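Chemist: I'm passing along structure_28.json; it holds JSON, C-alpha atoms.
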[["chain", "number", "residue", "atom", "x", "y", "z"],
["Z", 119, "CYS", "CA", -12.67, -8.19, 12.84],
["Z", 120, "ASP", "CA", -10.33, -7.41, 15.79],
["Z", 121, "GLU", "CA", -8.21, -10.06, 14.07],
["Z", 122, "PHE", "CA", -7.75, -7.77, 11.03],
["Z", 123, "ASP", "CA", -6.13, -5.12, 13.27],
["Z", 124, "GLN", "CA", -3.62, -7.73, 14.51],
["Z", 125, "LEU", "CA", -2.98, -9.00, 10.97],
["Z", 126, "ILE", "CA", -1.95, -5.46, 10.08],
["Z", 127, "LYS", "CA", 0.30, -5.06, 13.16],
["Z", 128, "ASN", "CA", 2.02, -8.31, 12.10],
["Z", 129, "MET", "CA", 2.63, -7.05, 8.60],
["Z", 130, "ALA", "CA", 3.78, -3.68, 9.94],
["Z", 131, "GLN", "CA", 6.20, -5.26, 12.44],
["Z", 132, "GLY", "CA", 6.49, -2.10, 14.51],
["Z", 133, "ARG", "CA", 6.33, 0.36, 11.64],
["Z", 134, "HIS", "CA", 3.97, 3.31, 12.06],
["Z", 135, "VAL", "CA", 0.70, 2.37, 10.43],
["Z", 136, "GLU", "CA", -1.90, 4.81, 9.07],
["Z", 137, "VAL", "CA", -5.29, 4.39, 7.47],
["Z", 138, "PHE", "CA", -6.49, 6.89, 4.94],
["Z", 139, "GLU", "CA", -9.10, 7.51, 2.30],
["Z", 140, "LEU", "CA", -8.45, 9.00, -1.15],
["Z", 141, "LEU", "CA", -11.11, 9.94, -3.73],
["Z", 142, "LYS", "CA", -10.13, 8.34, -7.03],
["Z", 143, "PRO", "CA", -11.28, 10.61, -9.90],
["Z", 144, "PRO", "CA", -13.47, 9.14, -12.66],
["Z", 145, "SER", "CA", -10.38, 9.19, -14.91],
["Z", 146, "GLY", "CA", -6.67, 9.47, -13.97],
["Z", 147, "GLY", "CA", -6.09, 7.06, -11.10],
["Z", 148, "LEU", "CA", -4.73, 7.85, -7.67],
["Z", 149, "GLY", "CA", -1.39, 8.84, -9.23],
["Z", 150, "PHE", "CA", 1.29, 6.54, -7.94],
["Z", 151, "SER", "CA", 3.01, 3.34, -9.05],
["Z", 152, "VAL", "CA", 3.99, 0.25, -7.04],
["Z", 153, "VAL", "CA", 6.50, -2.61, -6.92],
["Z", 154, "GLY", "CA", 6.45, -5.99, -5.19],
["Z", 155, "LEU", "CA", 9.29, -6.91, -2.86],
["Z", 156, "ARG", "CA", 9.80, -10.39, -1.43],
["Z", 157, "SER", "CA", 10.75, -10.80, 2.24],
["Z", 158, "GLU", "CA", 11.61, -14.14, 3.85],
["Z", 159, "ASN", "CA", 9.47, -13.90, 7.03],
["Z", 162, "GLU", "CA", 5.98, -13.68, 1.54],
["Z", 163, "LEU", "CA", 5.35, -10.39, -0.44],
["Z", 164, "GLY", "CA", 4.76, -6.61, 0.00],
["Z", 165, "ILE", "CA", 3.47, -3.84, -2.27],
["Z", 166, "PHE", "CA", 5.49, -0.63, -2.03],
["Z", 167, "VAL", "CA", 4.76, 2.87, -3.35],
["Z", 168, "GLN", "CA", 7.34, 4.01, -5.94],
["Z", 169, "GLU", "CA", 6.69, 7.22, -7.83],
["Z", 170, "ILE", "CA", 3.97, 9.66, -6.88],
["Z", 171, "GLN", "CA", 2.76, 11.54, -9.89],
["Z", 172, "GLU", "CA", 2.83, 15.35, -9.70],
["Z", 173, "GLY", "CA", -0.63, 16.93, -9.58],
["Z", 174, "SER", "CA", -2.25, 13.65, -8.55],
["Z", 175, "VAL", "CA", -4.77, 12.96, -5.81],
["Z", 176, "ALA", "CA", -2.05, 10.95, -4.02],
["Z", 177, "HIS", "CA", 0.39, 13.86, -4.35],
["Z", 178, "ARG", "CA", -2.05, 16.62, -3.49],
["Z", 179, "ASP", "CA", -3.35, 14.68, -0.53],
["Z", 180, "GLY", "CA", 0.28, 14.84, 0.63],
["Z", 181, "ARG", "CA", 0.17, 11.95, 3.11],
["Z", 182, "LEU", "CA", 1.31, 8.95, 1.03],
["Z", 183, "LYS", "CA", 5.10, 8.58, 0.39],
["Z", 184, "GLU", "CA", 7.55, 6.61, -1.72],
["Z", 185, "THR", "CA", 8.66, 3.46, 0.14],
["Z", 186, "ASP", "CA", 5.46, 3.02, 2.15],
["Z", 187, "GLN", "CA", 3.79, -0.38, 2.00],
["Z", 188, "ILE", "CA", 0.09, -0.84, 1.23],
["Z", 189, "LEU", "CA", -1.14, -3.31, 3.84],
["Z", 190, "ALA", "CA", -4.86, -3.11, 3.06],
["Z", 191, "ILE", "CA", -7.24, -1.80, 0.38],
["Z", 192, "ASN", "CA", -10.88, -1.14, 1.26],
["Z", 193, "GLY", "CA", -10.64, -3.68, 4.12],
["Z", 194, "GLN", "CA", -8.88, -6.36, 2.04],
["Z", 195, "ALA", "CA", -5.56, -7.25, 3.71],
["Z", 196, "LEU", "CA", -2.87, -7.88, 1.09],
["Z", 197, "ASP", "CA", -1.90, -11.22, 2.68],
["Z", 198, "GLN", "CA", -0.54, -14.34, 0.93],
["Z", 199, "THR", "CA", -4.07, -15.04, -0.41],
["Z", 200, "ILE", "CA", -3.38, -12.92, -3.52],
["Z", 201, "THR", "CA", -0.51, -12.23, -5.95],
["Z", 202, "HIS", "CA", 1.16, -8.87, -6.49],
["Z", 203, "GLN", "CA", -0.57, -8.40, -9.82],
["Z", 204, "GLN", "CA", -3.88, -9.21, -8.06],
["Z", 205, "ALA", "CA", -3.00, -6.39, -5.63],
["Z", 206, "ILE", "CA", -2.48, -3.99, -8.51],
["Z", 207, "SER", "CA", -5.68, -5.11, -10.17],
["Z", 208, "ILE", "CA", -7.65, -4.37, -7.00],
["Z", 209, "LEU", "CA", -6.07, -0.92, -6.75],
["Z", 210, "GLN", "CA", -6.85, -0.22, -10.40],
["Z", 211, "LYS", "CA", -10.45, -1.51, -10.38],
["Z", 212, "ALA", "CA", -11.32, 0.37, -7.14],
["Z", 213, "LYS", "CA", -13.77, 3.20, -7.83],
["Z", 214, "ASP", "CA", -14.41, 6.51, -5.98],
["Z", 215, "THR", "CA", -13.33, 6.62, -2.29],
["Z", 216, "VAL", "CA", -10.49, 4.19, -1.79],
["Z", 217, "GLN", "CA", -9.35, 3.32, 1.78],
["Z", 218, "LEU", "CA", -5.66, 2.41, 2.14],
["Z", 219, "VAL", "CA", -3.92, 1.09, 5.20],
["Z", 220, "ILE", "CA", -0.23, 2.05, 5.14],
["Z", 221, "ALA", "CA", 3.00, 1.28, 6.91],
["Z", 222, "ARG", "CA", 5.77, 3.93, 6.83],
["Z", 223, "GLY", "CA", 8.82, 2.89, 4.81],
["Z", 224, "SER", "CA", 10.18, -0.63, 4.28],
["Z", 225, "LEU", "CA", 12.10, -3.07, 6.45],
["Z", 226, "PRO", "CA", 15.58, -4.63, 6.09],
["Z", 227, "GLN", "CA", 13.81, -7.96, 5.32],
["Z", 228, "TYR", "CA", 12.71, -6.71, 1.89],
["Z", 229, "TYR", "CA", 16.26, -5.64, 0.99],
["Z", 230, "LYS", "CA", 17.59, -9.19, 0.94],
["Z", 231, "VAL", "CA", 18.39, -10.50, -2.51]]
What does the file become when written as structure tokens?

Modeler:
Amino acid sequence: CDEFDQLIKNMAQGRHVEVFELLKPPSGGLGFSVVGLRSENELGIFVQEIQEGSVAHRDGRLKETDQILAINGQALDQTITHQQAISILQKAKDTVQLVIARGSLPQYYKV
């Protein structure tokens, strides 16, 4: 369990991390979209376009370019594909806990 905290620090690589909870409405979603970016050091899920009027938007904390490190205690490690990440996000009901890192890193900008 203390290992999870380290796993996150490793993913964050010195980025500011934050955990927060959002209530997903019974219909509408959290109100943001994501994209996968490959590093070299595997893959990250990054917030793209926060929908106006959404929980995500009205909550005010989440931002474009942040990386979702965890969802409801599940670290988004190599264990699962980017589409599996999205599926988890989509299938999550009610209070969703996200662990976030602020912005991206130069590693994800390599092509």

Chemist: Would you please work out which residue, of Z:154, Z:149, Z:143, Z:132, is nearest to residue 229 in chain Z when using all atoms listed in the file?

Modeler: Z:154

Chemist: If we count only C-alpha atoms, what is near residue 188 in chain Z at a cut-off of 8 Å, once residues fewer than 3 positions away on the same chain are taken out, given as an NGL selection string?

Modeler: :Z and (164-167 or 191 or 196 or 218-221)

Chemist: If I take CA of residue 217 in chain Z and CA of residue 190 in chain Z, how far is one from the other in Å, to one decimal?

Modeler: 7.9 Å

Chemist: Any idea what's packed within 12 Å of residue 155 in chain Z, counting only C-alpha atoms, ignoring anything in its chain fewer than 5 positions away? Could you give it as a PyMOL selection string?

Modeler: chain Z and resi 162-168+185-188+201-202+224-231

Chemist: Extract, using all atoms listed in the file, all DNA, RNA and protein residues at most 7 Å from range 213-215 of chain Z, discarding same-chain residues fewer than 3 positions from it, and format them as a ChimeraX atom specification.

Modeler: /Z:139-143

Chemist: To one decimal in Å, tell me the separation between CA of residue 169 in chain Z and CA of residue 122 in chain Z.

Modeler: 28.1 Å

Chemist: Start from the incomplete input, build N, CA, C and O atoms for range 213-230 of chain Z, and deliver everything as a PDB file, keeping the file's coordinate frame.

Modeler:
ATOM      1  N   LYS Z 213     -13.102   1.990  -7.378  1.00  0.00           N
ATOM      2  CA  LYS Z 213     -13.770   3.200  -7.830  1.00  0.00           C
ATOM      3  C   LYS Z 213     -13.996   4.160  -6.648  1.00  0.00           C
ATOM      4  O   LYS Z 213     -14.084   3.724  -5.489  1.00  0.00           O
ATOM      5  N   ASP Z 214     -14.068   5.461  -6.954  1.00  0.00           N
ATOM      6  CA  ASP Z 214     -14.410   6.510  -5.980  1.00  0.00           C
ATOM      7  C   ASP Z 214     -13.500   6.530  -4.729  1.00  0.00           C
ATOM      8  O   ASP Z 214     -12.271   6.550  -4.859  1.00  0.00           O
ATOM      9  N   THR Z 215     -14.092   6.521  -3.532  1.00  0.00           N
ATOM     10  CA  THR Z 215     -13.330   6.620  -2.290  1.00  0.00           C
ATOM     11  C   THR Z 215     -12.636   5.328  -1.966  1.00  0.00           C
ATOM     12  O   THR Z 215     -13.282   4.349  -1.597  1.00  0.00           O
ATOM     13  N   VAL Z 216     -11.318   5.341  -2.080  1.00  0.00           N
ATOM     14  CA  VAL Z 216     -10.490   4.190  -1.790  1.00  0.00           C
ATOM     15  C   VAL Z 216      -9.858   4.322  -0.399  1.00  0.00           C
ATOM     16  O   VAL Z 216      -9.235   5.334  -0.112  1.00  0.00           O
ATOM     17  N   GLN Z 217     -10.022   3.319   0.466  1.00  0.00           N
ATOM     18  CA  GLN Z 217      -9.350   3.320   1.780  1.00  0.00           C
ATOM     19  C   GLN Z 217      -8.086   2.474   1.765  1.00  0.00           C
ATOM     20  O   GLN Z 217      -8.151   1.263   1.535  1.00  0.00           O
ATOM     21  N   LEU Z 218      -6.949   3.105   2.047  1.00  0.00           N
ATOM     22  CA  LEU Z 218      -5.660   2.410   2.140  1.00  0.00           C
ATOM     23  C   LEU Z 218      -5.186   2.341   3.552  1.00  0.00           C
ATOM     24  O   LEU Z 218      -5.301   3.311   4.278  1.00  0.00           O
ATOM     25  N   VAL Z 219      -4.633   1.200   3.937  1.00  0.00           N
ATOM     26  CA  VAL Z 219      -3.920   1.090   5.200  1.00  0.00           C
ATOM     27  C   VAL Z 219      -2.428   0.989   4.855  1.00  0.00           C
ATOM     28  O   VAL Z 219      -2.038   0.224   3.986  1.00  0.00           O
ATOM     29  N   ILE Z 220      -1.612   1.786   5.529  1.00  0.00           N
ATOM     30  CA  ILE Z 220      -0.230   2.050   5.140  1.00  0.00           C
ATOM     31  C   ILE Z 220       0.699   1.762   6.295  1.00  0.00           C
ATOM     32  O   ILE Z 220       0.328   1.977   7.458  1.00  0.00           O
ATOM     33  N   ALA Z 221       1.900   1.297   5.972  1.00  0.00           N
ATOM     34  CA  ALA Z 221       3.000   1.280   6.910  1.00  0.00           C
ATOM     35  C   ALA Z 221       4.115   2.189   6.364  1.00  0.00           C
ATOM     36  O   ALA Z 221       4.402   2.180   5.171  1.00  0.00           O
ATOM     37  N   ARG Z 222       4.745   2.956   7.244  1.00  0.00           N
ATOM     38  CA  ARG Z 222       5.770   3.930   6.830  1.00  0.00           C
ATOM     39  C   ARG Z 222       7.141   3.338   6.532  1.00  0.00           C
ATOM     40  O   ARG Z 222       7.814   2.819   7.426  1.00  0.00           O
ATOM     41  N   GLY Z 223       7.561   3.467   5.275  1.00  0.00           N
ATOM     42  CA  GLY Z 223       8.820   2.890   4.810  1.00  0.00           C
ATOM     43  C   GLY Z 223       8.798   1.367   4.650  1.00  0.00           C
ATOM     44  O   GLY Z 223       7.743   0.716   4.719  1.00  0.00           O
ATOM     45  N   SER Z 224       9.984   0.809   4.415  1.00  0.00           N
ATOM     46  CA  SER Z 224      10.180  -0.630   4.280  1.00  0.00           C
ATOM     47  C   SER Z 224      10.896  -1.169   5.508  1.00  0.00           C
ATOM     48  O   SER Z 224      11.063  -0.461   6.503  1.00  0.00           O
ATOM     49  N   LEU Z 225      11.315  -2.428   5.414  1.00  0.00           N
ATOM     50  CA  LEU Z 225      12.100  -3.070   6.450  1.00  0.00           C
ATOM     51  C   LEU Z 225      13.323  -3.713   5.800  1.00  0.00           C
ATOM     52  O   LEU Z 225      13.295  -4.040   4.615  1.00  0.00           O
ATOM     53  N   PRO Z 226      14.401  -3.909   6.575  1.00  0.00           N
ATOM     54  CA  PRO Z 226      15.580  -4.630   6.090  1.00  0.00           C
ATOM     55  C   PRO Z 226      15.299  -6.009   5.474  1.00  0.00           C
ATOM     56  O   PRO Z 226      16.086  -6.480   4.665  1.00  0.00           O
ATOM     57  N   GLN Z 227      14.198  -6.644   5.861  1.00  0.00           N
ATOM     58  CA  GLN Z 227      13.810  -7.960   5.320  1.00  0.00           C
ATOM     59  C   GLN Z 227      13.569  -7.949   3.816  1.00  0.00           C
ATOM     60  O   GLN Z 227      13.804  -8.945   3.139  1.00  0.00           O
ATOM     61  N   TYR Z 228      13.040  -6.840   3.312  1.00  0.00           N
ATOM     62  CA  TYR Z 228      12.710  -6.710   1.890  1.00  0.00           C
ATOM     63  C   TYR Z 228      13.915  -6.353   1.036  1.00  0.00           C
ATOM     64  O   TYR Z 228      13.809  -6.316  -0.193  1.00  0.00           O
ATOM     65  N   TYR Z 229      15.054  -6.088   1.681  1.00  0.00           N
ATOM     66  CA  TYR Z 229      16.260  -5.640   0.990  1.00  0.00           C
ATOM     67  C   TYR Z 229      17.222  -6.787   0.747  1.00  0.00           C
ATOM     68  O   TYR Z 229      18.280  -6.598   0.161  1.00  0.00           O
ATOM     69  N   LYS Z 230      16.839  -7.978   1.197  1.00  0.00           N
ATOM     70  CA  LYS Z 230      17.590  -9.190   0.940  1.00  0.00           C
ATOM     71  C   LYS Z 230      17.352  -9.637  -0.486  1.00  0.00           C
ATOM     72  O   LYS Z 230      16.250  -9.527  -1.000  1.00  0.00           O
TER      73      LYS Z 230
END
